[PDB]
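Chain IDs A, B, C and D follow the sequence of writing; residue 1 opens each chain.
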Amino acid sequence: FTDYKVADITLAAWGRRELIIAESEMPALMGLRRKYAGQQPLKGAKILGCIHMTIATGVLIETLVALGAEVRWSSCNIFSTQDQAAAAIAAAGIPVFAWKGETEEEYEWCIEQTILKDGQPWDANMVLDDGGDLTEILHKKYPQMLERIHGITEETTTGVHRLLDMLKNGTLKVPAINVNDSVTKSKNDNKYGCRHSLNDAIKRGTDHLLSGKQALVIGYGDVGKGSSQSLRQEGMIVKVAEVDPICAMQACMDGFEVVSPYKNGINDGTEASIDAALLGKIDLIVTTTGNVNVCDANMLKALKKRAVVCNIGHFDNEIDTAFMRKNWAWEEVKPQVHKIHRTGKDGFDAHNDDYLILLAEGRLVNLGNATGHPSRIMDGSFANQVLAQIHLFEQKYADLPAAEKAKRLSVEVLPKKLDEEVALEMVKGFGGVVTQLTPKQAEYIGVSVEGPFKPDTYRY
Amino acid sequence: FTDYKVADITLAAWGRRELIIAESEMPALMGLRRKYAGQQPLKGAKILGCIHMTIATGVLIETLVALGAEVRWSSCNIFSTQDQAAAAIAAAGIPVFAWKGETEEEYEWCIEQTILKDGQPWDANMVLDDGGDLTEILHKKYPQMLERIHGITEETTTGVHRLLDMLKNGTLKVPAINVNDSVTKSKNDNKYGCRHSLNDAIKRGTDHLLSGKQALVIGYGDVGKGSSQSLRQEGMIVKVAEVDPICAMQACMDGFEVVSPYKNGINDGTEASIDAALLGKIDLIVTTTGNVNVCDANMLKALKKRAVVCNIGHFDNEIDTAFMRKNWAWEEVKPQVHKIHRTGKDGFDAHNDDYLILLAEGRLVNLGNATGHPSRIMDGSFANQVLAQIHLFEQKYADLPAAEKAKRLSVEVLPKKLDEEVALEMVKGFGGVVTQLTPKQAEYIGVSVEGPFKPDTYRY
Amino acid sequence: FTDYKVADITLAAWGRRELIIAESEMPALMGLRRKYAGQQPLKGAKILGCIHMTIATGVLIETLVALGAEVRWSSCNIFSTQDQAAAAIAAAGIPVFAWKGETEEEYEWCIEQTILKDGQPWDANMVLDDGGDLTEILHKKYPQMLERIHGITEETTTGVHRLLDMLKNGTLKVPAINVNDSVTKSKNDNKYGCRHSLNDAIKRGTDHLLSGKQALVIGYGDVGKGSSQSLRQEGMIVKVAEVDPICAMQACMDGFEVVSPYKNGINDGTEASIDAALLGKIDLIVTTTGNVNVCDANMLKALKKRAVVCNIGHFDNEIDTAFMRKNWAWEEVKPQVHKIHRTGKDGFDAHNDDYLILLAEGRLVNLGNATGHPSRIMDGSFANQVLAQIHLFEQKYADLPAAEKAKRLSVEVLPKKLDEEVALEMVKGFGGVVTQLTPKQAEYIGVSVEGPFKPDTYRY
Amino acid sequence: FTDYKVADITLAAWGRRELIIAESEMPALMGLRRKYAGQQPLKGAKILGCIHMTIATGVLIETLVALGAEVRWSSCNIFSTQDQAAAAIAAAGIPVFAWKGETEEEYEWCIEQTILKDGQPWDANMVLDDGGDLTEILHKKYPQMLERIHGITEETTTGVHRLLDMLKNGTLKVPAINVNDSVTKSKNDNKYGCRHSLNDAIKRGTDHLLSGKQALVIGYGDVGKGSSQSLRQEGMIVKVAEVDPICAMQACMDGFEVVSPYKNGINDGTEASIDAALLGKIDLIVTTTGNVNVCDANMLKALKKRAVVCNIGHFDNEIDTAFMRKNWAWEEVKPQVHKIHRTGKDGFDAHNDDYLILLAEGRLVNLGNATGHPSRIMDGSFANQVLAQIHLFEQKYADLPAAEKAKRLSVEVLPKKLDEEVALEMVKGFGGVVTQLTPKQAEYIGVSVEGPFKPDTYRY
């Protein structure tokens, strides 16, 4: 078996030990393996997967395989692979092209190695994506391959937005499931995942005390809510920026001060618009938005000396790292930790006090500087992924006539009943006990004893 | 002016001082007053109002009046009136029939005094309701009056459920707005309101230390989430019961142990089904469900000696108080606090150790034993109420032809843009500063610089 | 029985119900009753008591009586009496002179009614004091009475400081126990008591939302630590002022921003020295210091409009209320809540926006606007008081010859073994289980299996 | 330069980058460098140092050198060295013998390499110790060397206990400072250090979700307080065991359930004494005691399957790791992480469900599986160490006449004034501003404007 590329295949036994532990942490995912092992619902599925090559993702991959699928895998970030996970999957005879610390050129080559087998399109018929890079490459460069693909299952808020843009422009060629918007994904992974893994990544990157220091979190969606709590539970003084006044209201009610980097919140792109007094007090800024340039050049100039700067939104353009590459000297402390010397770009003084610490070169900090979300959280997301792969593979869109395709070309979520069944496996993994409604109680609130327990309008 | 009934009209000056302070705590509601005072959009509105006669409700009433409405008011709970609020509204020449500590017969008489003026149906044309008792009385006993009514605006989860049952059965006679499901209502009031006011009510009722004691919260919807945090922030050891596995998963991830009062979560109606070990360690039980008999006779028998029992869901049947009235002696400590002696019903021993403390006779404990949610939280709910009253009054359903009525008979929410404009007023009241998107950023995430910022699918 | 003065004797039955509940919350105190009831160790003790006439203090009083003592009682604050507690103690035939809302003249008359019986010195032989007012009156005005007094047991940090000043000046006439510095007092009452009761008092006084608002706590000793947590757990953004850099370090490490009301912390008494930017953002200031003028005239001028101002340190000169009485109009909202109109002193405008809300006229806010600490916390303090009364009464200082007195005239704390025995009763009241050391473990750490478990140097 | 032993000297540049960052995190320590660089108060000091060879310890070593000292260094734990710190110190030409993952034999050899230079006792005259192993070796094996030594400065609770046993037995040969009991050490390092670093080490070791899981912390001293908060802030359900009822009372008041591993807290050496129900629900046990066998063989047998076991007290005998080495198969997952298979010792099944995860082989888990306390916390401890070294070096005990030695042979703490001056540097490092007392205020509370602010009795 040679159909892989990883950092170091000799890490495989360590990765396999960590997979066996992670299995014990992922009861929804292991439950789907046990339930569906017999029926082989993914027999004949040939899945192109592009998602962080972590231990949790290894458990996802081997669940899809255990259900009958063949896969070809890559990471969706240059710094998110755990090399022992990649090695364990390769050593199992699964095609994987992933290592921690890829270049952009290697990143694109890895996705290509999944799309091509022996220099020709692989007989792919399904896609699992996180962020939409593989989706975009198939649409732009491999339209013939999408002809035979039954669907896309998309992990993340950013990737869903890209799908919806394609659907609205009439350029989306195969149906998708939005896995992100299962409640056991969005309100589990995006929020509690970041709670666990943000302070984990800052500690591993910097070993800084957080207690007593000043943080600014840009955004208060699911990731900004979890991120703010990661920091506040360590004793940080957390301020929150938002453009959405409903998310801002939540921040205030959750006990955070809501501030703008700009005077009166007006971002007109002059230095004069920067609240230099506010930024000069900030010890840590974290971007969580999915948006562009929310920690901009003028904010970076105004930040407190030796502030930590990081991004936990899907892509690195949240922080103006291009400005920092053009203007300032980068001193590497260790992989995914750089001092950015604001003294200029012509070398640096090792003892200069005027620097920022940038984590993971502005890419997803939880996965770049630590191991991302813990397996027990990723269990929810990845149980959704498997159910989404089963649904779209069984629907066989590629085999439908033109007229039938027209009726099914959509971006849909999983039904609430499945969301509830994932949650129940998650709760039992904590040793939680869910109460059964009596028939009188079920009638009184207008639900089945079996669920679903909430209308699709319910926000949790 | 004699067209009222309150406990003590001499409390009016105290209530008016508290209204003036509450005005300074309610910028969304005061904002609507200032914005709409000139246009008088409720000129000709005649509003039957049935909602807790508190200081916050006073500010809501005087906002509707300031916008041109006439009203006739009652409380929707026997114990929720603040007598100084009721006095200040009566002393202003507004018809209100409300006092703290009504009987059921007085409660029904008060609603009837709103419906009748000088012994004849009032020319009502709008309804503001909280829990649906006034809605049900108009439908069952005054159907002729609903001919003239343009709409119902409903405050609470329980009242919405009752409207949706009427809609589904074809018995709803006028269109309604579900005020509850604005995010600035549900995810503000139902959650953060209970955070503030649950521990407040237990302290005022009992003066008990909560720190270090064991709580069981039944339910983990918006109210159970807020309630659990009310108790956990005081240092209670909180366990959470749920029938909805997605809500249970949230509980676990929020750091609570999820338990059932019943062995394996199966309540088959036997004492054998009760987890006597669990209930024997509980110092406080709080019901939050909107369901029936979630703290049942067998649970009450198994509770630890001197446990506190209370309900913060809309109606008192969450706790089996009928069982306690039939079997056990009630010793009143002070209004809305009773020792329930489990020794039997034939008098009580003042020194008996075997009692439970029931708050507010099992009625909404935050309003019964304290003052309910703080005005700054009720600002969101009541700004939505005013917008909903303006919308349904302006739509003039009662004046539509038969064909037009058919098309408009619905239970609807307010548009997200209005929800965001309420939130922004709330955020400014904290001195929060919301960031303005740049045109490039607004294009990048696919929103208008003015919002709305989120799809209607978004759960916050 | 007529040897009392209380607000309303008809409140006695309500107070007695609350005493019987409080007994169930005070296992250390009830434990001392049961242990010592037989031995009557306070037979012949005649105790002048001056401490907040609350329900917890009623349980203390009836414990001293149950051990054989006679008492004559007053409160140590004009607003701290619970009238139902005072009535229950009077109705039991115990001399008590206390009501909520005394004048200064009534306060002094009440202490005098304890000292005098039938217009002559009572045959007092013990003193229980909280703050040192009764101690000072006996020393200044009744030296002949101290001749026959065996000791003083002093509750609070301020009262101990006054005793130590007397000891150092050679003016202290009888030995004292410092009850404050039992760990089951200082690190229980002073800290956790304020955690429970500060936000309780602000809620009862104002019903304000705290979540999302800005607080400044002056001081970070035991009371400032508890006070800061009371506010932070509600979601306040808490800043902390301190003069003690070790207490300030704790604040920083506990996740608070440490600020001064003065520029660079320099209090030179010009308006120019005030950080107007900081004070203009503060929604609540709480003084916790035991010191004078820590919320001074220039700070009060600079505070944000409609800020709440309160004191939870023993005496009201922490806030410059004398400046506010001289310069600004007071509008009473309700007892122990005043709007202080900064527009001037010549009446007020009911609708003026420029006011502060002062709680309890600057006197102890937890007891003034709520019920002070919960009984389960006061159990520790009051178990210490009883043990201290037993010790000094049994030592019989007044009967010692001059030479023997000289050897015993001291301010001492209780032995650690007693501190541990109080704690153990407190832990069992939570249903806590303390582990017993094995003989090998006891030898390994160098302690008896029975304790004491820590050297007297240990700070906990 | 060859007078060292480290893992890999090529790590020196990485370690030096991390020293330069740590300098910016350690203002008390860098303050002492700048203040004392000119006076060279450790000119002629020859310091045997035995303390964790971390980045923070590097900054301590180079401060002592900058003040004039020569040193010879080793770690006080086999797993606590950061190899890049050891390399950076060796590359600076400082003798250090330390690497992560020493054997016991290498550990003893490393201490001996400090004691011997070129095979002969080094002319040592000062000792800096953490845990007392170097102190004990000099007393037992090199008594002649203690003739020349002016003092010992001891870091930790365990090492202080050992010194006090030596003092009491008349076997202590040189005076010592108890650095541990500075407030800026004990109530900073021992508590907040473990808050930061316990969850850090469990995350790096296991990547386990902590939220929603059950923890048992044995002990609630400074380390158990910090440890319990490390876990509770992550959303663990934390139970606390204690033998000291005052520490247990704190636990209850801090919102933790106090339990014993043994029925009624009595461990009589039988499996029957184990609370199997309690231990069967525990997902993580952490020992914090400084005592022996507090997580014993019977507890380990009764623990839930796949529970994590770790020790954050100084020495590994807190957990019965000898029982586990004698009875159960150890599967190494990665360095300092072992699955302990309870199926027996004759190999293991890679897929066995019945295992515990032991971190750092039961050695100090924060240093073994992460990087120990953050530099900003260690700043307090290490500023005290430097002041203690200056004081004992300047007192020159070894040069005193016999009579003078007699009078100075003691275990003492640093004066409070120095403790306050360390704290103030720490507070300024957060950008905290300490308020200056006015002369009137300083007189009112009876302190100097300069401090000290508290009596030596004060516990903070």
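Convention: a residue touches a chain if its C-beta (ideal position, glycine included) is under 8 Å from a C-beta of that chain, and two chains touch if they have at least 3 such contacts.
Each chain and its UniProt protein: A, B, C, D = Adenosylhomocysteinase.
Asks: Half is the threshold here, strictly exceeded: which of A-B, B-C or A-C has more than half of its contact pairs identical to B-D by residue number?
Replies: A-C
Asks: Applying the document's contact definition, name the chain pair with more C-beta pairs in contact, C-D or A-D.
Replies: The comparison resolves to C-D.
Asks: From the mean C-alpha coordinate of chain A (Adenosylhomocysteinase) to that of chain C (Adenosylhomocysteinase), what's the distance rounded to whole Å?
Replies: Inter-chain centre distance comes to 53 Å.
Asks: Chain A (Adenosylhomocysteinase) to chain D (Adenosylhomocysteinase): how many Å between their CA centres?
Replies: 38
Asks: Please list all residues of chain D (Adenosylhomocysteinase) that touch 2 or more other chains.
Replies: Residues 192, 211-212, 214, 234-235, 252-253, 257, 377, 430 of chain D (Adenosylhomocysteinase) touch two or more partner chains.
Asks: Where on chain A (Adenosylhomocysteinase) is chain B (Adenosylhomocysteinase) touching in the complex?
Replies: Residue positions touching the partner: 161, 165, 181, 183-184, 186-188, 192, 241-253, 257-262, 264-267, 269, 289-294, 377, 380, 419-421, 423-424, 426-427, 430, 432-438, 440-441, 444-446, 451, 453-454, 457, 459-460.
Asks: Give the list of chain D (Adenosylhomocysteinase) residues in touch with chain A (Adenosylhomocysteinase) in this complex.
Replies: 14, 16-18, 20-21, 24-25, 55, 192, 195-196, 200, 203-204, 206-214, 233-235, 281, 306, 331, 333-334, 339, 350-351, 353, 357, 370-371, 374-377, 430-431
Asks: Contact residues on chain C (Adenosylhomocysteinase) for chain A (Adenosylhomocysteinase) in the complex?
Replies: 211-212, 214, 232, 234-237, 252-257
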